[PDB]
Amino acid sequence: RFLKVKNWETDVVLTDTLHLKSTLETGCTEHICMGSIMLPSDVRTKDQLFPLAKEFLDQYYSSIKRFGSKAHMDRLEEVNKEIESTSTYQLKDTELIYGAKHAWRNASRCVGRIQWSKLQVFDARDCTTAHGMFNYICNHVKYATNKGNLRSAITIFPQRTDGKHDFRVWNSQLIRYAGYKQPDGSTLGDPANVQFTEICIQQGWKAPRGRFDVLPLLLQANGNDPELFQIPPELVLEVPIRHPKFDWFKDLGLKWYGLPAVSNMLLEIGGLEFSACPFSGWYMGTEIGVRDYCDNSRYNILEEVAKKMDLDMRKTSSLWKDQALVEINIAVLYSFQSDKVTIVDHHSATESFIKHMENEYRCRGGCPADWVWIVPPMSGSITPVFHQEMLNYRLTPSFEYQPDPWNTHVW
Amino acid sequence: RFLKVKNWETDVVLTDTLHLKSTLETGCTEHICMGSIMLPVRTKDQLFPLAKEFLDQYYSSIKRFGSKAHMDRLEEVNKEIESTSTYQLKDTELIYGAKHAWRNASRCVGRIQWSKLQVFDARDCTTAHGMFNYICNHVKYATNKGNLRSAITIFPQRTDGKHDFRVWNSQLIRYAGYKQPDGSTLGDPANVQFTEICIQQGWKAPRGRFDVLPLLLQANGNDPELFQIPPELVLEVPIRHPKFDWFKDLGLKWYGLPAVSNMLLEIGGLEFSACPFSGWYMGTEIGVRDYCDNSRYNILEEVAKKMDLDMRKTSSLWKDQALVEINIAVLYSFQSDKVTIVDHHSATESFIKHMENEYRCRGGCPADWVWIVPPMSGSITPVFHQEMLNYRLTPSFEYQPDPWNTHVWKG
Ligand code: HEM
Ligand code: HEM
Ligand SMILES: Cc1cc(N)nc2cc(-c3ccc(OCc4cscn4)c(CN)c3)ccc12
Ligand SMILES: Cc1cc(N)nc2cc(-c3ccc(OCc4cscn4)c(CN)c3)ccc12
Ligand SMILES: C[C@H](O)[C@H](O)[C@H]1CNc2nc(N)[nH]c(=O)c2N1
Ligand SMILES: C[C@H](O)[C@H](O)[C@H]1CNc2nc(N)[nH]c(=O)c2N1
Ligand SMILES: [Zn+2]
């Protein structure tokens with residue numbers, strides 16, 4: 001159980017000892033593997049919290065080469081006393097930054113983790129109101145976008161106290177296109193957002209009912225009813241999607257936004273729960289062109305793209321879906337690159353991830369990785385991660401999923 | 001204890017009770033998932049329970065559980081084990097066992113076909129020449145002039161592990177690979193090691209790029225012997241492309257019959273170490289893995305040049321674009337020659353239908369997402385959005401070590 005992982009393309013073998021530090025559970029047993037289940041999964045108690053805090057502080061002070069020091073023992077004492085009195089505790093700024101960077105480092109489903117130590121952490125724990133949240137979020141978006149030279153960032157709102165005072169961003173991402181169901185057939189805009197696009201209207205939004213309407217933010221501070229806010233358009237960088245060879249591609253009227261900013265996850269550090277912690281990076285091209293555009297339960301544009309290419313759509317064995325899919329993803333990359341907005345193709349990002357794995361085995365002893373999520377959704381086996389065995393285990397600090405607010409909120 | 005899987009494109013949810021019948025182990029624990037690890041001498045002591053559970057299964061499937069035929073067979077196997085240390089399967093039992101080994105093969109996307117397996121009983125075989133003869137008839141029957149038929153040939157079971165039958169080839173038909181002194185490889189790099197063994201055993205190698213390897217056959221634990229499959233029995237398909245006339249000039253071909261010969265068939269505790277089985281190809285097995293893996297024929301670049309793509313930066317997706325064309329050419333060539341083949345769109349759709357049907361009538365269908373999802377265009381196939389439970393059922397096909405690592409040479 002000092003496990004080894006082999007790359008069957010290069011025969012590189014790595015030995016994983018970091019998994020022995022694993023704490024949480026995977027959902028698998030020796031009788032059944034759940035590696036392909038999307039989600040295999042009230043506040044803590046004075047006795048639940050301190051071991052968690054100690055585990056986190058132990059690794060923090062190790063990482064700064066002060067394990068077993070005065071400063072270490074003092075901080076443990078101090079936190080231990082604050083828990084005993086206040087039934088929670090507060091992270092020093094340095095601990096906050098470390099916890100956030102390591103929650104990314106530990107995200108076994110993220111292919112972009114070679115960047116993990118360059119995260120910009122915005123401490124929003126002094127925030128008290130949704131208007132305040134909105135202000136922090138606009139500043140996030142502007143900093144991260146950086147006129148198309150995107151930078152990684154996280155903004156961290158106050159930690160959970162009793163579950164009645166939760167801070168939540170109700171959007172799944174800070175920037176997403178609206179989705180409206182039609183009186184007649186399918187859906188206009190983005191089908192994944194149809195419910196939220198209705199909870200916005202059903203809460204006051206007036207929708208332009210277009211194909212690419214940026215949704216408003218729905219912000220919840222200290223557990224009150226959430227509030228609608230419109231992100232200033234000049235803060236929302238968008239890329240019109242054209243093809244470098246097909247002039248008709250422009251006529252399809254497609255665009256996407258430059259900033260992927262996930263806002264519905266929960267960040268856990270030393271047992272403390274940050275239920276509102278939007279984080280953002282930059283897109284891998286397939287995220288838009290393969291999933292957002294071509295998933296059948298999304299924009300599902302493969303039909304008409306192939307028609308405009310005049311491919312034989314009669315039999316699946318012409319691979320017309322595959323041919324169109326390539327062209328769409330060529331265009332996405334072409335457009336972002338042409339407008340100088342940061343993006344990475346799936347070849348470069350998976351090659352980066354192999355180098356990152358290599359680094360983590362060398363300087364950390366392992367790297368938890370979820371093959372089902374790391375392998376891109378197109379051209380899987382011509383990327384190097386396909387031939388890479390991976391070990392998946394849960395380390396902390398971590399990002400976790402949490403229920404959608406509207407099913408929980410005492411409205 | 002019931003378990004649920006969800007299709008995230010259709011919201012179809014299915015309930016698995018079959019995993020409870022699972023006995024073997026996955027390699028996973030609650031604290032580590034080994035879902036992407038490629039690979040994770042038996043006494044009378046443990047054999048009657050294995051026999052009994054298999055016979056219980058068999059007689060349940062024929063609606064005779066607890067019958068006198070069922071009780072008598074159990075008694076007969078029992079006494080045969082204690083007095084002879086092993087036991088022999090009835091013909092009906094072997095046919096059932098082989099079919100259910102295929103049905104249980106969680107990494108196989110082709111299992112909708114599992115009940116139409118032609119079972120050839122070669123348990124009376126005693127010499128390598130007899131093995132060659134049985135394999136020839138398998139190849140002729142399965143190939144059927146291009147109208148392929150699934151088939152398996154079952155050689156005598158292991159006894160003391162010192163008298164094993166083995167097919168030393170990994171597949172019955174496969175191209176040789178030669179390492180040249182300049183470091184380049186002629187032919188199929190996957191088969192360099194086996195090619196060398198054949199040459200050492202006295203095979204006179206043509207030293208071409210598509211030479212069919214000889215059969216290397218081991219009976220009753222004796223040293224293996226070389227045999228040449230009659231070329232009129234080896235159906236091959238020249239690869240051309242429906243629009244690119246230069247594609248034929250790449251000189252590529254492939255054989256029509258995928259027949260895997262290095263696995264071990266386990267039935268009621270009996271181990272069948274030689275059990276070649278065959279079906280027909282999914283297009284991507286040849287077009288994506290065989291031709292385009294960097295450690296295989298690796299033809300992407302030469303196809304990319306002849307297509308005149310931007311090969312300077314990988315964000316042009318020249319690799320993805322060439323990959324689609326190669327796979328179009330594979331499918332076109334096989335259909336043109338009326339050789340059975342299936343594209344990855346048709347095969348994954350069939351699997352989903354199979355899987356749903358198996359949940360209904362069997363209570364489950366063990367499935368290995370990592371292997372089921374095709375190596376190109378993953379998310380535009382329906383299995384990508386399908387949650388899957390992986391567990392181990394018997395009868396089963398298992399990996400076994402390469403015989404040249406374990407064989408005691410007679411000389
Ligand atoms: C900087 C460039 C980044 C790239 C290219 C990238 C790429 C990806 C991709 C392709 C996925 C697969 C999920 C999907 O397909 O929807 C993913 C998941 C994820 N990313 Fe990254 N990411 C980046 C930055 C970040 C940052 C800055 C964070 C947090 C600080 C982060 C945290 C995560 C998490 C937590 C998940 C998976 C959540 C889950 O479902 O368990 N990523 N990422
Ligand atoms: C008839 C059409 C069939 C098709 C299209 C098919 C397709 C496939 C594919 C694509 C794989 C993944 C292997 C890889 O890509 O490297 C696979 C695995 C497998 N197939 Fe099927 N198959 C068929 C028939 C059969 C038959 C007749 C058997 C045995 C009786 C069988 C047994 C297996 C097994 C045991 C595996 C897993 C190998 C492993 O665990 O490494 N298949 N199949
Ligand atoms: C920072 C960053 C950059 C980047 N380029 N891509 C990212 C993708 C994700 C991410 C994480 C989980 C997800 O969930 C799938 C799902 C569907 S239903 C229950 N779960 C999704 C997609 N909704 C995206 C998170 C962060 C990213
Ligand atoms: C009956 C049938 C039909 C069909 N169309 N495809 C099939 C593919 C496989 C199969 C089984 C294991 C394999 O090995 C993986 C590996 C590489 S290194 C250690 N393990 C491979 C790869 N060559 C193919 C087996 C049977 C098939
Ligand atoms: C490391 C990884 O498990 C390995 O490359 C697997 C991944 N999935 C696969 N899937 C199929 N169908 N065939 C394969 O050979 C593999 N190889
Ligand atoms: C059913 C399956 O687990 C689900 O579709 C997963 C598979 N792999 C994925 N991989 C990535 N990167 N993103 C995803 O949303 C998914 N979805
Ligand atoms: Zn698992």
# chains A, B, ... in the order shown; residues from 1 in each chain; ligands from 1
$ residues_near_ligand --ligand "ligand 6" --cutoff "6 Å" --atoms "only C-alpha atoms and all ligand atoms" --output "list in words"
residues 36, 37, 38, 372, 373 and 374 of chain A; 384, 385, 386 and 387 of chain B
$ write_last_selection --atoms "C-alpha atoms" --output "mmCIF file, in the first residue's frame"
data_model
loop_
_atom_site.group_PDB
_atom_site.id
_atom_site.type_symbol
_atom_site.label_atom_id
_atom_site.label_comp_id
_atom_site.auth_asym_id
_atom_site.auth_seq_id
_atom_site.Cartn_x
_atom_site.Cartn_y
_atom_site.Cartn_z
ATOM 1 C CA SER A 36 -18.153 7.258 -12.513
ATOM 2 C CA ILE A 37 -20.878 8.487 -10.139
ATOM 3 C CA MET A 38 -21.214 12.271 -10.449
ATOM 4 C CA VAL A 372 -13.035 10.072 -15.593
ATOM 5 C CA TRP A 373 -12.810 13.888 -15.352
ATOM 6 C CA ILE A 374 -9.206 14.578 -16.386
ATOM 7 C CA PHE B 384 -20.248 9.406 -21.496
ATOM 8 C CA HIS B 385 -23.283 10.806 -19.638
ATOM 9 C CA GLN B 386 -24.130 7.397 -18.136
ATOM 10 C CA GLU B 387 -23.262 6.635 -14.531
#
$ closest_atom_pairs --of "chain A" --to "ligand 5" --cutoff "12 Å" --atoms "only C-alpha atoms and all ligand atoms" --output "JSON lines"
{"residue": "A:5", "atom": "CA", "partner": "ligand 5", "partner_atom_place_in_ligand_line": "1 (C)", "distance": 8.6}
{"residue": "A:6", "atom": "CA", "partner": "ligand 5", "partner_atom_place_in_ligand_line": "1 (C)", "distance": 7.4}
{"residue": "A:7", "atom": "CA", "partner": "ligand 5", "partner_atom_place_in_ligand_line": "1 (C)", "distance": 6.5}
{"residue": "A:8", "atom": "CA", "partner": "ligand 5", "partner_atom_place_in_ligand_line": "5 (O)", "distance": 6.4}
{"residue": "A:9", "atom": "CA", "partner": "ligand 5", "partner_atom_place_in_ligand_line": "5 (O)", "distance": 8.1}
{"residue": "A:10", "atom": "CA", "partner": "ligand 5", "partner_atom_place_in_ligand_line": "5 (O)", "distance": 11.2}
{"residue": "A:11", "atom": "CA", "partner": "ligand 5", "partner_atom_place_in_ligand_line": "1 (C)", "distance": 10.9}
{"residue": "A:12", "atom": "CA", "partner": "ligand 5", "partner_atom_place_in_ligand_line": "1 (C)", "distance": 11.7}
{"residue": "A:13", "atom": "CA", "partner": "ligand 5", "partner_atom_place_in_ligand_line": "1 (C)", "distance": 11.6}
{"residue": "A:369", "atom": "CA", "partner": "ligand 5", "partner_atom_place_in_ligand_line": "1 (C)", "distance": 11.7}
{"residue": "A:370", "atom": "CA", "partner": "ligand 5", "partner_atom_place_in_ligand_line": "3 (O)", "distance": 10.9}
{"residue": "A:371", "atom": "CA", "partner": "ligand 5", "partner_atom_place_in_ligand_line": "3 (O)", "distance": 7.8}
{"residue": "A:372", "atom": "CA", "partner": "ligand 5", "partner_atom_place_in_ligand_line": "7 (C)", "distance": 9.4}
{"residue": "A:374", "atom": "CA", "partner": "ligand 5", "partner_atom_place_in_ligand_line": "2 (C)", "distance": 11.5}
{"residue": "A:375", "atom": "CA", "partner": "ligand 5", "partner_atom_place_in_ligand_line": "7 (C)", "distance": 9.4}
{"residue": "A:380", "atom": "CA", "partner": "ligand 5", "partner_atom_place_in_ligand_line": "8 (N)", "distance": 9.1}
{"residue": "A:381", "atom": "CA", "partner": "ligand 5", "partner_atom_place_in_ligand_line": "5 (O)", "distance": 7.7}
{"residue": "A:382", "atom": "CA", "partner": "ligand 5", "partner_atom_place_in_ligand_line": "5 (O)", "distance": 10.6}
{"residue": "A:383", "atom": "CA", "partner": "ligand 5", "partner_atom_place_in_ligand_line": "5 (O)", "distance": 10.3}
{"residue": "A:384", "atom": "CA", "partner": "ligand 5", "partner_atom_place_in_ligand_line": "5 (O)", "distance": 9.0}
{"residue": "A:385", "atom": "CA", "partner": "ligand 5", "partner_atom_place_in_ligand_line": "1 (C)", "distance": 7.7}
{"residue": "A:386", "atom": "CA", "partner": "ligand 5", "partner_atom_place_in_ligand_line": "5 (O)", "distance": 5.0}
{"residue": "A:387", "atom": "CA", "partner": "ligand 5", "partner_atom_place_in_ligand_line": "5 (O)", "distance": 3.5}
{"residue": "A:388", "atom": "CA", "partner": "ligand 5", "partner_atom_place_in_ligand_line": "1 (C)", "distance": 4.3}
{"residue": "A:389", "atom": "CA", "partner": "ligand 5", "partner_atom_place_in_ligand_line": "1 (C)", "distance": 3.8}
{"residue": "A:390", "atom": "CA", "partner": "ligand 5", "partner_atom_place_in_ligand_line": "1 (C)", "distance": 7.0}
{"residue": "A:391", "atom": "CA", "partner": "ligand 5", "partner_atom_place_in_ligand_line": "1 (C)", "distance": 10.2}
$ closest_atom_pairs --of "chain A" --to "ligand 7" --cutoff "6 Å" --atoms "only C-alpha atoms and all ligand atoms" --output "tab-separated table"
residue	atom	partner	partner_atom_place_in_ligand_line	distance
A:28	CA	ligand 7	1 (Zn)	4.8
A:33	CA	ligand 7	1 (Zn)	3.5
A:34	CA	ligand 7	1 (Zn)	5.1
A:35	CA	ligand 7	1 (Zn)	4.6
$ write_last_selection --atoms "C-alpha atoms" --output "PDB file, in the first residue's frame"
ATOM      1  CA  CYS A  28     -16.077   2.896  -3.418  1.00  0.00           C
ATOM      2  CA  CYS A  33     -16.305   0.964  -7.768  1.00  0.00           C
ATOM      3  CA  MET A  34     -18.294   4.192  -8.037  1.00  0.00           C
ATOM      4  CA  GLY A  35     -15.601   6.117  -9.899  1.00  0.00           C
TER       5      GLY A  35
END
$ closest_residue --among "B:110, B:183, B:206, B:40" --to "chain A" --atoms "only C-alpha atoms"
B:40
$ closest_atom_pairs --of "chain B" --to "ligand 4" --cutoff "8 Å" --atoms "only C-alpha atoms and all ligand atoms" --output "CSV"
residue,atom,partner,partner_atom_place_in_ligand_line,distance
B:38,CA,ligand 4,20 (N),6.2
B:39,CA,ligand 4,19 (C),6.9
B:108,CA,ligand 4,7 (C),7.4
B:110,CA,ligand 4,5 (N),7.4
B:150,CA,ligand 4,1 (C),7.8
B:258,CA,ligand 4,3 (C),5.2
B:259,CA,ligand 4,1 (C),5.7
B:260,CA,ligand 4,26 (C),5.1
B:277,CA,ligand 4,1 (C),5.7
B:278,CA,ligand 4,1 (C),4.3
B:279,CA,ligand 4,3 (C),4.7
B:280,CA,ligand 4,5 (N),4.8
B:281,CA,ligand 4,5 (N),3.7
B:282,CA,ligand 4,5 (N),5.3
B:285,CA,ligand 4,6 (N),7.1
$ write_last_selection --atoms "N, CA, C and O atoms" --output "compact mmCIF listing (two decimals), in the first residue's frame"
# COMPACT_ATOMS: atom_id res chain seq x y z
N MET B 38 -4.87 -0.27 -14.85
CA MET B 38 -5.11 -1.21 -15.95
C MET B 38 -5.33 -2.64 -15.44
O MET B 38 -6.27 -3.33 -15.86
N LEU B 39 -4.47 -3.11 -14.54
CA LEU B 39 -4.60 -4.45 -13.96
C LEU B 39 -4.53 -4.38 -12.44
O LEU B 39 -3.44 -4.16 -11.88
N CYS B 108 -16.57 -4.40 -21.65
CA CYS B 108 -16.89 -4.72 -23.04
C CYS B 108 -18.15 -3.98 -23.47
O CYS B 108 -19.22 -4.21 -22.90
N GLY B 110 -19.59 -4.32 -26.36
CA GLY B 110 -20.29 -5.17 -27.31
C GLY B 110 -21.28 -6.16 -26.74
O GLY B 110 -21.82 -6.98 -27.50
N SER B 150 -19.66 -14.20 -33.65
CA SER B 150 -18.95 -14.35 -32.39
C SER B 150 -18.68 -15.82 -32.08
O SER B 150 -19.56 -16.67 -32.26
N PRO B 258 -11.12 -9.60 -34.86
CA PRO B 258 -10.50 -9.40 -33.54
C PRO B 258 -10.75 -10.63 -32.67
O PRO B 258 -11.90 -10.91 -32.31
N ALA B 259 -9.69 -11.35 -32.32
CA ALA B 259 -9.84 -12.62 -31.60
C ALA B 259 -8.82 -12.66 -30.47
O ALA B 259 -7.63 -12.89 -30.72
N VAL B 260 -9.27 -12.44 -29.23
CA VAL B 260 -8.34 -12.29 -28.11
C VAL B 260 -8.05 -13.65 -27.50
O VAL B 260 -8.96 -14.44 -27.22
N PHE B 277 -11.36 -16.00 -28.02
CA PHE B 277 -12.71 -15.56 -28.36
C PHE B 277 -12.64 -14.40 -29.35
O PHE B 277 -11.65 -13.66 -29.41
N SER B 278 -13.69 -14.25 -30.15
CA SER B 278 -13.65 -13.29 -31.24
C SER B 278 -15.03 -12.71 -31.47
O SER B 278 -16.04 -13.34 -31.18
N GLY B 279 -15.06 -11.46 -31.93
CA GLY B 279 -16.30 -10.89 -32.38
C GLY B 279 -16.09 -10.16 -33.68
O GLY B 279 -15.69 -10.78 -34.69
N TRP B 280 -16.33 -8.85 -33.68
CA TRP B 280 -15.97 -7.98 -34.78
C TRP B 280 -15.56 -6.62 -34.22
O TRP B 280 -15.82 -6.30 -33.06
N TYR B 281 -14.88 -5.82 -35.04
CA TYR B 281 -14.28 -4.58 -34.55
C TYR B 281 -15.29 -3.46 -34.40
O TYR B 281 -16.19 -3.31 -35.23
N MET B 282 -15.13 -2.67 -33.34
CA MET B 282 -15.58 -1.29 -33.33
C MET B 282 -14.53 -0.46 -34.06
O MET B 282 -13.33 -0.64 -33.84
N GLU B 285 -11.19 1.01 -32.43
CA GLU B 285 -10.11 0.13 -32.02
C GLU B 285 -8.96 0.13 -33.03
O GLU B 285 -7.79 0.12 -32.64
$ interface_residues --of "chain B" --to "chain A" --cutoff "7 Å" --atoms "only C-alpha atoms" --output "PyMOL selection string"
chain B and resi 9+22-37+293+295+314-317+320-321+324+328+331+343+345+369-370+375-380+387-391
$ closest_atom_pairs --of "chain A" --to "ligand 3" --cutoff "9 Å" --atoms "only C-alpha atoms and all ligand atoms" --output "tab-separated table"
residue	atom	partner	partner_atom_place_in_ligand_line	distance
A:38	CA	ligand 3	19 (C)	6.4
A:39	CA	ligand 3	19 (C)	7.0
A:104	CA	ligand 3	1 (C)	8.9
A:109	CA	ligand 3	11 (C)	7.7
A:110	CA	ligand 3	7 (C)	7.3
A:111	CA	ligand 3	6 (N)	8.7
A:112	CA	ligand 3	3 (C)	7.5
A:152	CA	ligand 3	1 (C)	7.8
A:153	CA	ligand 3	1 (C)	8.6
A:172	CA	ligand 3	23 (N)	7.3
A:173	CA	ligand 3	23 (N)	8.2
A:192	CA	ligand 3	23 (N)	8.9
A:259	CA	ligand 3	5 (N)	8.1
A:260	CA	ligand 3	3 (C)	5.2
A:261	CA	ligand 3	1 (C)	5.7
A:262	CA	ligand 3	26 (C)	5.2
A:263	CA	ligand 3	25 (C)	8.6
A:265	CA	ligand 3	12 (C)	8.5
A:278	CA	ligand 3	1 (C)	8.9
A:279	CA	ligand 3	1 (C)	5.8
A:280	CA	ligand 3	1 (C)	4.2
A:281	CA	ligand 3	1 (C)	4.6
A:282	CA	ligand 3	5 (N)	4.7
A:283	CA	ligand 3	5 (N)	3.6
A:284	CA	ligand 3	5 (N)	5.3
A:285	CA	ligand 3	5 (N)	8.4
A:287	CA	ligand 3	5 (N)	7.1
A:343	CA	ligand 3	5 (N)	8.4
A:344	CA	ligand 3	5 (N)	8.8
A:401	CA	ligand 3	20 (N)	8.1
$ select_by_dssp --residues "stretch 57-163 of chain B" --states "strand (DSSP E)" --output "PyMOL selection string"
chain B and resi 118-121+151-154
$ closest_atom_pairs --of "chain B" --to "ligand 2" --cutoff "9 Å" --atoms "only C-alpha atoms and all ligand atoms" --output "tab-separated table"
residue	atom	partner	partner_atom_place_in_ligand_line	distance
B:38	CA	ligand 2	41 (O)	7.8
B:39	CA	ligand 2	41 (O)	8.2
B:98	CA	ligand 2	30 (C)	6.7
B:99	CA	ligand 2	30 (C)	6.7
B:100	CA	ligand 2	30 (C)	8.7
B:101	CA	ligand 2	30 (C)	7.0
B:102	CA	ligand 2	30 (C)	4.7
B:103	CA	ligand 2	30 (C)	8.2
B:104	CA	ligand 2	35 (C)	8.3
B:105	CA	ligand 2	35 (C)	5.1
B:106	CA	ligand 2	37 (C)	7.0
B:107	CA	ligand 2	37 (C)	4.7
B:108	CA	ligand 2	18 (C)	3.8
B:109	CA	ligand 2	7 (C)	5.1
B:110	CA	ligand 2	4 (C)	4.0
B:111	CA	ligand 2	24 (C)	6.5
B:112	CA	ligand 2	1 (C)	8.6
B:113	CA	ligand 2	1 (C)	6.3
B:114	CA	ligand 2	27 (C)	6.8
B:116	CA	ligand 2	27 (C)	8.5
B:117	CA	ligand 2	27 (C)	6.3
B:118	CA	ligand 2	27 (C)	8.7
B:148	CA	ligand 2	1 (C)	8.3
B:149	CA	ligand 2	1 (C)	7.4
B:150	CA	ligand 2	27 (C)	4.9
B:151	CA	ligand 2	27 (C)	6.0
B:152	CA	ligand 2	30 (C)	6.1
B:258	CA	ligand 2	23 (C)	8.3
B:259	CA	ligand 2	26 (C)	8.3
B:260	CA	ligand 2	32 (C)	7.9
B:263	CA	ligand 2	35 (C)	7.6
B:265	CA	ligand 2	35 (C)	9.0
B:276	CA	ligand 2	29 (C)	8.2
B:277	CA	ligand 2	30 (C)	5.1
B:278	CA	ligand 2	27 (C)	4.9
B:279	CA	ligand 2	1 (C)	3.5
B:280	CA	ligand 2	2 (C)	4.5
B:281	CA	ligand 2	5 (C)	4.9
B:282	CA	ligand 2	5 (C)	4.6
B:283	CA	ligand 2	5 (C)	8.4
B:284	CA	ligand 2	10 (C)	7.7
B:285	CA	ligand 2	15 (O)	5.6
B:289	CA	ligand 2	15 (O)	7.8
B:341	CA	ligand 2	5 (C)	7.6
B:342	CA	ligand 2	5 (C)	6.6
B:343	CA	ligand 2	5 (C)	8.8
B:344	CA	ligand 2	10 (C)	8.6
B:347	CA	ligand 2	5 (C)	6.9
B:371	CA	ligand 2	12 (C)	6.0
B:372	CA	ligand 2	12 (C)	6.8
B:373	CA	ligand 2	10 (C)	9.0
B:374	CA	ligand 2	10 (C)	7.6
B:375	CA	ligand 2	15 (O)	8.1
B:396	CA	ligand 2	35 (C)	7.7
B:397	CA	ligand 2	35 (C)	5.2
B:398	CA	ligand 2	40 (O)	6.9
B:399	CA	ligand 2	40 (O)	7.1
$ residues_around --residues "residue B:126" --least-positions-apart "5" --cutoff "8 Å" --atoms "only C-alpha atoms" --output "list in words"
residues 131, 219 and 220 of chain B
$ write_last_selection --atoms "N, CA, C and O atoms" --output "PDB file, in the first residue's frame"
ATOM      1  N   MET B 131      -4.486 -28.180 -31.404  1.00  0.00           N
ATOM      2  CA  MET B 131      -4.862 -26.800 -31.122  1.00  0.00           C
ATOM      3  C   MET B 131      -4.907 -25.982 -32.401  1.00  0.00           C
ATOM      4  O   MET B 131      -5.884 -25.272 -32.665  1.00  0.00           O
ATOM      5  N   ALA B 219       0.374 -27.037 -25.564  1.00  0.00           N
ATOM      6  CA  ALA B 219      -0.584 -28.027 -25.089  1.00  0.00           C
ATOM      7  C   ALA B 219      -0.028 -28.792 -23.895  1.00  0.00           C
ATOM      8  O   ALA B 219       1.137 -29.204 -23.893  1.00  0.00           O
ATOM      9  N   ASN B 220      -0.868 -28.969 -22.878  1.00  0.00           N
ATOM     10  CA  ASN B 220      -0.554 -29.839 -21.745  1.00  0.00           C
ATOM     11  C   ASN B 220       0.764 -29.455 -21.073  1.00  0.00           C
ATOM     12  O   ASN B 220       1.494 -30.308 -20.565  1.00  0.00           O
TER      13      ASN B 220
END
$ atom_distance --atom1 "atom CA of residue B:59" --atom2 "atom CA of residue B:122"
23.8 Å
$ atom_distance --atom1 "atom CA of residue A:222" --atom2 "atom CA of residue A:78"
26.7 Å
